[PDB]
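Structure below is query.pdb: PDB, C-alpha atoms (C1' of nucleotides).
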MODEL        1
ATOM      1  CA  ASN D 302     -66.542 -51.603 118.405
ATOM      2  CA  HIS D 303     -69.065 -48.795 117.726
ATOM      3  CA  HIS D 304     -71.696 -51.523 117.214
ATOM      4  CA  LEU D 305     -74.210 -52.385 119.911
ATOM      5  CA  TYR D 306     -73.084 -56.021 119.584
ATOM      6  CA  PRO D 307     -69.506 -56.722 118.440
ATOM      7  CA  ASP D 308     -69.193 -60.509 117.762
ATOM      8  CA  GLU D 309     -72.853 -60.988 116.612
ATOM      9  CA  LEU D 310     -73.605 -63.204 113.578
ATOM     10  CA  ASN D 311     -76.185 -62.873 110.787
ATOM     11  CA  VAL D 312     -77.883 -66.268 111.249
ATOM     12  CA  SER D 313     -81.516 -67.486 111.254
ATOM     13  CA  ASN D 314     -81.866 -67.618 115.079
ATOM     14  CA  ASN D 315     -80.431 -64.062 115.604
ATOM     15  CA  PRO D 316     -83.500 -61.745 115.645
ATOM     16  CA  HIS D 317     -81.344 -59.332 113.598
ATOM     17  CA  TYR D 318     -81.200 -61.916 110.721
ATOM     18  CA  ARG D 319     -81.403 -60.314 107.263
ATOM     19  CA  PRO D 320     -81.149 -61.411 103.640
ATOM     20  CA  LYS D 321     -78.370 -60.038 101.385
ATOM     21  CA  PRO D 322     -80.048 -58.812  98.193
ATOM     22  CA  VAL D 323     -77.617 -59.256  95.313
ATOM     23  CA  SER D 324     -78.577 -58.179  91.815
ATOM     24  CA  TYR D 325     -76.845 -57.147  88.616
ATOM     25  CA  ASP D 326     -77.161 -54.100  86.401
ATOM     26  CA  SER D 327     -76.331 -53.902  82.694
ATOM     27  CA  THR D 328     -76.368 -50.059  82.635
ATOM     28  CA  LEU D 329     -73.216 -49.816  84.796
ATOM     29  CA  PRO D 330     -69.833 -49.199  83.141
ATOM     30  CA  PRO D 331     -67.305 -52.049  82.953
ATOM     31  CA  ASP D 332     -65.579 -52.977  86.231
ATOM     32  CA  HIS D 333     -67.930 -50.750  88.299
ATOM     33  CA  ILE D 334     -70.329 -51.801  91.092
ATOM     34  CA  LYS D 335     -73.400 -50.349  92.810
ATOM     35  CA  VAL D 336     -73.660 -50.130  96.623
ATOM     36  CA  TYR D 337     -76.861 -49.251  98.539
ATOM     37  CA  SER D 338     -76.041 -47.454 101.810
ATOM     38  CA  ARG D 339     -77.465 -48.702 105.110
ATOM     39  CA  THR D 340     -75.835 -45.770 106.962
ATOM     40  CA  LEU D 341     -77.916 -42.757 108.003
ATOM     41  CA  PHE D 342     -76.953 -39.174 108.678
ATOM     42  CA  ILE D 343     -78.906 -37.797 111.625
ATOM     43  CA  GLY D 344     -78.663 -34.082 112.454
ATOM     44  CA  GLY D 345     -80.172 -31.695 114.987
ATOM     45  CA  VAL D 346     -79.151 -34.044 117.809
ATOM     46  CA  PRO D 347     -79.653 -32.554 121.295
ATOM     47  CA  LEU D 348     -76.988 -32.486 123.978
ATOM     48  CA  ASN D 349     -79.021 -34.631 126.396
ATOM     49  CA  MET D 350     -79.346 -37.556 123.883
ATOM     50  CA  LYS D 351     -76.896 -40.463 124.283
ATOM     51  CA  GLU D 352     -76.228 -43.260 121.751
ATOM     52  CA  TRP D 353     -78.828 -45.508 123.430
ATOM     53  CA  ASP D 354     -81.513 -42.820 123.085
ATOM     54  CA  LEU D 355     -81.121 -42.380 119.288
ATOM     55  CA  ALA D 356     -81.288 -46.131 118.694
ATOM     56  CA  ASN D 357     -84.334 -46.366 120.928
ATOM     57  CA  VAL D 358     -86.157 -43.562 119.040
ATOM     58  CA  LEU D 359     -85.614 -45.299 115.690
ATOM     59  CA  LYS D 360     -86.533 -48.723 117.229
ATOM     60  CA  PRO D 361     -90.155 -48.738 115.919
ATOM     61  CA  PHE D 362     -89.060 -47.845 112.364
ATOM     62  CA  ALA D 363     -85.770 -49.811 112.149
ATOM     63  CA  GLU D 364     -83.457 -52.029 114.186
ATOM     64  CA  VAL D 365     -80.091 -50.291 114.677
ATOM     65  CA  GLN D 366     -76.723 -52.005 114.222
ATOM     66  CA  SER D 367     -74.240 -49.244 115.114
ATOM     67  CA  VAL D 368     -74.176 -45.629 116.322
ATOM     68  CA  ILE D 369     -71.215 -43.265 116.095
ATOM     69  CA  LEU D 370     -72.475 -40.101 117.808
ATOM     70  CA  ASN D 371     -70.637 -36.787 117.589
ATOM     71  CA  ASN D 372     -72.507 -34.967 120.369
ATOM     72  CA  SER D 373     -70.335 -31.819 120.209
ATOM     73  CA  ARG D 374     -71.037 -31.488 116.437
ATOM     74  CA  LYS D 375     -74.844 -31.982 116.939
ATOM     75  CA  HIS D 376     -75.063 -34.984 114.528
ATOM     76  CA  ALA D 377     -74.640 -38.792 114.395
ATOM     77  CA  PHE D 378     -74.047 -41.817 112.169
ATOM     78  CA  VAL D 379     -76.469 -44.697 112.454
ATOM     79  CA  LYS D 380     -76.059 -47.952 110.558
ATOM     80  CA  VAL D 381     -79.235 -50.084 110.444
ATOM     81  CA  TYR D 382     -79.338 -53.800 109.536
ATOM     82  CA  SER D 383     -80.956 -53.475 106.078
ATOM     83  CA  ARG D 384     -81.575 -51.041 103.243
ATOM     84  CA  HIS D 385     -85.347 -51.604 103.504
ATOM     85  CA  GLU D 386     -85.189 -50.402 107.116
ATOM     86  CA  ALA D 387     -83.041 -47.348 106.334
ATOM     87  CA  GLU D 388     -85.424 -46.436 103.487
ATOM     88  CA  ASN D 389     -88.413 -46.725 105.843
ATOM     89  CA  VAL D 390     -86.756 -44.404 108.380
ATOM     90  CA  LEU D 391     -86.241 -41.666 105.787
ATOM     91  CA  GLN D 392     -89.916 -41.234 104.820
ATOM     92  CA  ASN D 393     -91.772 -42.199 107.986
ATOM     93  CA  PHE D 394     -89.619 -41.372 111.033
ATOM     94  CA  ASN D 395     -90.563 -38.105 112.746
ATOM     95  CA  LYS D 396     -92.981 -36.884 110.039
ATOM     96  CA  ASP D 397     -94.711 -34.574 112.562
ATOM     97  CA  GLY D 398     -91.381 -32.927 113.537
ATOM     98  CA  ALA D 399     -91.940 -33.569 117.260
ATOM     99  CA  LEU D 400     -88.208 -34.221 117.641
ATOM    100  CA  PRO D 401     -85.522 -31.847 116.336
ATOM    101  CA  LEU D 402     -83.914 -34.729 114.357
ATOM    102  CA  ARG D 403     -83.424 -34.294 110.616
ATOM    103  CA  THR D 404     -82.658 -37.676 108.971
ATOM    104  CA  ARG D 405     -80.761 -37.795 105.629
ATOM    105  CA  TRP D 406     -78.485 -40.284 103.781
ATOM    106  CA  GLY D 407     -74.898 -41.067 104.832
ATOM    107  CA  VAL D 408     -71.843 -42.882 103.439
ATOM    108  CA  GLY D 409     -70.554 -46.063 105.092
ATOM    109  CA  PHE D 410     -68.567 -47.654 102.251
ATOM    110  CA  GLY D 411     -66.334 -46.700  99.321
ATOM    111  CA  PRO D 412     -65.293 -43.212  98.191
ATOM    112  CA  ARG D 413     -67.351 -40.203  99.203
ATOM    113  CA  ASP D 414     -67.316 -38.604  95.733
ATOM    114  CA  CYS D 415     -68.783 -41.843  94.317
ATOM    115  CA  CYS D 416     -71.847 -41.526  96.596
ATOM    116  CA  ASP D 417     -75.193 -40.148  95.395
ATOM    117  CA  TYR D 418     -76.316 -38.565  98.696
ATOM    118  CA  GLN D 419     -79.729 -37.729  97.161
ATOM    119  CA  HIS D 420     -80.769 -41.256  96.173
ATOM    120  CA  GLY D 421     -78.403 -42.894  98.698
ATOM    121  CA  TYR D 422     -76.049 -45.219  96.772
ATOM    122  CA  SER D 423     -72.493 -45.327  95.395
ATOM    123  CA  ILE D 424     -71.518 -46.335  91.845
ATOM    124  CA  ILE D 425     -67.903 -47.354  92.532
ATOM    125  CA  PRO D 426     -65.142 -48.328  90.072
ATOM    126  CA  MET D 427     -63.623 -51.604  91.327
ATOM    127  CA  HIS D 428     -60.071 -50.144  91.168
ATOM    128  CA  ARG D 429     -61.020 -47.598  93.857
ATOM    129  CA  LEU D 430     -61.754 -50.322  96.426
ATOM    130  CA  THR D 431     -58.892 -51.455  98.647
ATOM    131  CA  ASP D 432     -57.977 -55.094  99.259
ATOM    132  CA  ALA D 433     -59.830 -54.837 102.577
ATOM    133  CA  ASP D 434     -62.981 -53.445 100.895
ATOM    134  CA  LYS D 435     -62.959 -56.191  98.252
ATOM    135  CA  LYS D 436     -62.722 -58.735 101.134
ATOM    136  CA  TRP D 437     -65.573 -57.277 103.186
ATOM    137  CA  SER D 438     -67.699 -56.950 100.049
ATOM    138  CA  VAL D 439     -67.829 -60.760  99.726
ATOM    139  CA  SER D 440     -67.471 -61.884 103.368
ATOM    140  CA  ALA D 441     -69.657 -59.508 105.388
ATOM    141  CA  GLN D 442     -72.147 -60.523 108.074
ATOM    142  CA  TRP D 443     -74.738 -57.879 107.139
ATOM    143  CA  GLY D 444     -74.883 -56.721 103.543
ATOM    144  CA  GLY D 445     -72.240 -57.592 100.988
ATOM    145  CA  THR D 446     -72.527 -60.180  98.235
ATOM    146  CA  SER D 447     -72.933 -63.201 100.546
ATOM    147  CA  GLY D 448     -70.052 -65.070  98.814
ATOM    148  CA  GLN D 449     -70.772 -64.065  95.190
ATOM    149  CA  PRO D 450     -67.624 -62.685  93.579
ATOM    150  CA  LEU D 451     -67.272 -59.052  92.538
ATOM    151  CA  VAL D 452     -67.887 -58.350  88.833
ATOM    152  CA  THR D 453     -69.179 -55.712  86.439
ATOM    153  CA  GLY D 454     -72.791 -54.741  87.123
ATOM    154  CA  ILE D 455     -73.178 -56.224  90.597
ATOM    155  CA  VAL D 456     -75.475 -54.419  93.047
ATOM    156  CA  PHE D 457     -75.571 -55.152  96.779
ATOM    157  CA  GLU D 458     -76.338 -53.699 100.216
ATOM    158  CA  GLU D 459     -73.466 -51.874 101.986
ATOM    159  CA  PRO D 460     -71.318 -54.381 103.954
ATOM    160  CA  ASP D 461     -69.852 -54.269 107.483
ATOM    161  CA  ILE D 462     -66.182 -53.244 108.012
ATOM    162  CA  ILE D 463     -63.400 -52.717 110.655
TER
ATOM    163  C1'   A I   1     -78.717 -27.216 108.766
ATOM    164  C1'   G I   2     -74.339 -30.208 111.380
ATOM    165  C1'   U I   3     -71.769 -36.016 106.345
ATOM    166  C1'   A I   4     -67.621 -38.660 110.334
ATOM    167  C1'   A I   5     -64.886 -42.668 112.449
ATOM    168  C1'   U I   6     -61.663 -45.902 109.187
TER
ENDMDL
END

Would you give me this structure, written as structure tokens?
Amino acid sequence: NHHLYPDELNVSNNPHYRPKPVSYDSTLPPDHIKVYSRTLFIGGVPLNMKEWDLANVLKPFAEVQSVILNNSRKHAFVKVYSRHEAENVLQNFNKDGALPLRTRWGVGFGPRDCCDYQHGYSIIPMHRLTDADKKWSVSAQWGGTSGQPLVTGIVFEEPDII
RNA sequence: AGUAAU
């Protein structure tokens, strides 16, 4: 929809193939989960830049999945295929400051007040997910649990949605 | 200097 490719699949032949790191965490409270964001807040976006441009600038540092661009509000929302890639973009993209683009964290999944914008994850109580969220969490193409059921402690990369 | 679509 706002993806580059709508009906694409996370499979070994797709050059966008990624793993789905799942891990568990004993320091979480009961019936809470951890979610690492793959979504990026980009700000200082010029008027001349289209969606294609942004994706193409990040291309060396990360492969982009989806780009919602609010051109009038001089910012955008860029989901990349993996957490590793998003993390790379934050340190290493535009170090010199040649472009006007500031690149910070952004929230793709779960409540906003549950997100740590600084470190870039959400610790979410399972009751605050909707039926839809709980579905996508387990059956997402990129990110999610890759079939593993949701339980206390689980940690996984932000899933895709509708 | 802008954190949204749902």

Sort by chain and increasing residue number a table of all residues of chain D within 9 Å of chain I, each with its closest pair of atoms and their distance in Å to one decimal, counting all atoms listed in the file, and write it as JSON lines.
{"residue": "D:342", "atom": "CA", "partner": "I:3", "partner_atom": "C1'", "distance": 6.5}
{"residue": "D:343", "atom": "CA", "partner": "I:2", "partner_atom": "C1'", "distance": 8.9}
{"residue": "D:344", "atom": "CA", "partner": "I:2", "partner_atom": "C1'", "distance": 5.9}
{"residue": "D:345", "atom": "CA", "partner": "I:2", "partner_atom": "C1'", "distance": 7.0}
{"residue": "D:346", "atom": "CA", "partner": "I:2", "partner_atom": "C1'", "distance": 8.9}
{"residue": "D:369", "atom": "CA", "partner": "I:5", "partner_atom": "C1'", "distance": 7.3}
{"residue": "D:371", "atom": "CA", "partner": "I:4", "partner_atom": "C1'", "distance": 8.1}
{"residue": "D:374", "atom": "CA", "partner": "I:2", "partner_atom": "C1'", "distance": 6.2}
{"residue": "D:375", "atom": "CA", "partner": "I:2", "partner_atom": "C1'", "distance": 5.9}
{"residue": "D:376", "atom": "CA", "partner": "I:2", "partner_atom": "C1'", "distance": 5.8}
{"residue": "D:377", "atom": "CA", "partner": "I:4", "partner_atom": "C1'", "distance": 8.1}
{"residue": "D:378", "atom": "CA", "partner": "I:4", "partner_atom": "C1'", "distance": 7.4}
{"residue": "D:403", "atom": "CA", "partner": "I:1", "partner_atom": "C1'", "distance": 8.7}
{"residue": "D:406", "atom": "CA", "partner": "I:3", "partner_atom": "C1'", "distance": 8.4}
{"residue": "D:407", "atom": "CA", "partner": "I:3", "partner_atom": "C1'", "distance": 6.1}
{"residue": "D:408", "atom": "CA", "partner": "I:3", "partner_atom": "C1'", "distance": 7.5}
{"residue": "D:462", "atom": "CA", "partner": "I:6", "partner_atom": "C1'", "distance": 8.7}
{"residue": "D:463", "atom": "CA", "partner": "I:6", "partner_atom": "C1'", "distance": 7.2}

Skip region 310-313 of chain D itself and residues of its chain fewer than 4 positions away, then list as JSON, numbers by chain all residues within 12 Å of it, counting all atoms listed in the file. {"D": [306, 317, 318, 319, 320, 321, 366, 382, 383, 440, 441, 442, 443, 444, 445, 447, 460, 461]}

Any idea what the distance is between CA of residue 409 (chain D) and CA of residue 434 (chain D)?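 These atoms are spaced 11.4 Å apart.
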
CA of residue 327 (chain D) to CA of residue 386 (chain D): how many Å, to one decimal?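 Rounded to one decimal, the two atoms are 26.2 Å apart.
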
Apply the PyMOL selection byres ((chain D and resi 450-453) around 7) to the structure shown and report the selected residues as an mmCIF file with C-alpha atoms, in the coordinates of the input.
data_model
loop_
_atom_site.group_PDB
_atom_site.id
_atom_site.type_symbol
_atom_site.label_atom_id
_atom_site.label_comp_id
_atom_site.auth_asym_id
_atom_site.auth_seq_id
_atom_site.Cartn_x
_atom_site.Cartn_y
_atom_site.Cartn_z
ATOM 1 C CA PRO D 331 -67.305 -52.049 82.953
ATOM 2 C CA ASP D 332 -65.579 -52.977 86.231
ATOM 3 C CA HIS D 333 -67.930 -50.750 88.299
ATOM 4 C CA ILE D 334 -70.329 -51.801 91.092
ATOM 5 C CA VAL D 439 -67.829 -60.760 99.726
ATOM 6 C CA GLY D 448 -70.052 -65.070 98.814
ATOM 7 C CA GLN D 449 -70.772 -64.065 95.190
ATOM 8 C CA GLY D 454 -72.791 -54.741 87.123
ATOM 9 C CA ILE D 455 -73.178 -56.224 90.597
#

Separation of CA of residue 412 (chain D) from CA of residue 431 (chain D) in Å: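 One can read the CA of residue 431 (chain D) to CA of residue 412 (chain D) distance as 10.4 Å.
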
Show me that you can extract chain I, keeping N, CA and C atoms (P, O5', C5', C4', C3', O3' and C1' of nucleotides), and write it as a PDB file, in the first residue's frame.
ATOM      1  P     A I   1      11.730  24.108  10.987  1.00  0.00           P
ATOM      2  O5'   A I   1      11.589  22.779  11.854  1.00  0.00           O
ATOM      3  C5'   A I   1      12.702  22.294  12.627  1.00  0.00           C
ATOM      4  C4'   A I   1      12.230  21.319  13.678  1.00  0.00           C
ATOM      5  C3'   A I   1      12.105  21.870  15.096  1.00  0.00           C
ATOM      6  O3'   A I   1      11.193  21.096  15.873  1.00  0.00           O
ATOM      7  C1'   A I   1      13.961  20.414  14.977  1.00  0.00           C
ATOM      8  P     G I   2       9.645  21.519  15.966  1.00  0.00           P
ATOM      9  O5'   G I   2       8.883  20.141  16.215  1.00  0.00           O
ATOM     10  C5'   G I   2       9.228  18.936  15.503  1.00  0.00           C
ATOM     11  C4'   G I   2       8.381  18.776  14.257  1.00  0.00           C
ATOM     12  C3'   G I   2       7.977  17.339  13.912  1.00  0.00           C
ATOM     13  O3'   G I   2       6.607  17.113  14.264  1.00  0.00           O
ATOM     14  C1'   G I   2       9.225  18.333  12.113  1.00  0.00           C
ATOM     15  P     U I   3       6.211  16.141  15.496  1.00  0.00           P
ATOM     16  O5'   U I   3       6.471  14.689  14.902  1.00  0.00           O
ATOM     17  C5'   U I   3       5.538  14.066  14.009  1.00  0.00           C
ATOM     18  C4'   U I   3       5.485  12.595  14.308  1.00  0.00           C
ATOM     19  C3'   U I   3       4.870  12.220  15.654  1.00  0.00           C
ATOM     20  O3'   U I   3       3.992  11.120  15.471  1.00  0.00           O
ATOM     21  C1'   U I   3       7.033  11.283  15.458  1.00  0.00           C
ATOM     22  P     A I   4       2.626  11.022  16.285  1.00  0.00           P
ATOM     23  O5'   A I   4       1.526  11.039  15.134  1.00  0.00           O
ATOM     24  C5'   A I   4       1.500  12.093  14.152  1.00  0.00           C
ATOM     25  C4'   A I   4       1.360  11.510  12.768  1.00  0.00           C
ATOM     26  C3'   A I   4       0.418  10.320  12.638  1.00  0.00           C
ATOM     27  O3'   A I   4      -0.944  10.721  12.697  1.00  0.00           O
ATOM     28  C1'   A I   4       2.386   9.945  11.368  1.00  0.00           C
ATOM     29  P     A I   5      -2.091   9.625  12.560  1.00  0.00           P
ATOM     30  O5'   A I   5      -1.933   9.160  11.047  1.00  0.00           O
ATOM     31  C5'   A I   5      -3.053   8.692  10.292  1.00  0.00           C
ATOM     32  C4'   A I   5      -2.586   8.047   9.007  1.00  0.00           C
ATOM     33  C3'   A I   5      -3.026   6.600   8.789  1.00  0.00           C
ATOM     34  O3'   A I   5      -4.318   6.489   8.192  1.00  0.00           O
ATOM     35  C1'   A I   5      -0.696   6.748   8.488  1.00  0.00           C
ATOM     36  P     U I   6      -5.669   6.749   9.045  1.00  0.00           P
ATOM     37  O5'   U I   6      -5.379   6.052  10.448  1.00  0.00           O
ATOM     38  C5'   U I   6      -6.246   5.032  10.995  1.00  0.00           C
ATOM     39  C4'   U I   6      -5.756   3.654  10.597  1.00  0.00           C
ATOM     40  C3'   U I   6      -5.903   2.556  11.655  1.00  0.00           C
ATOM     41  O3'   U I   6      -7.147   1.844  11.765  1.00  0.00           O
ATOM     42  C1'   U I   6      -3.646   2.684  10.991  1.00  0.00           C
TER      43        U I   6
END
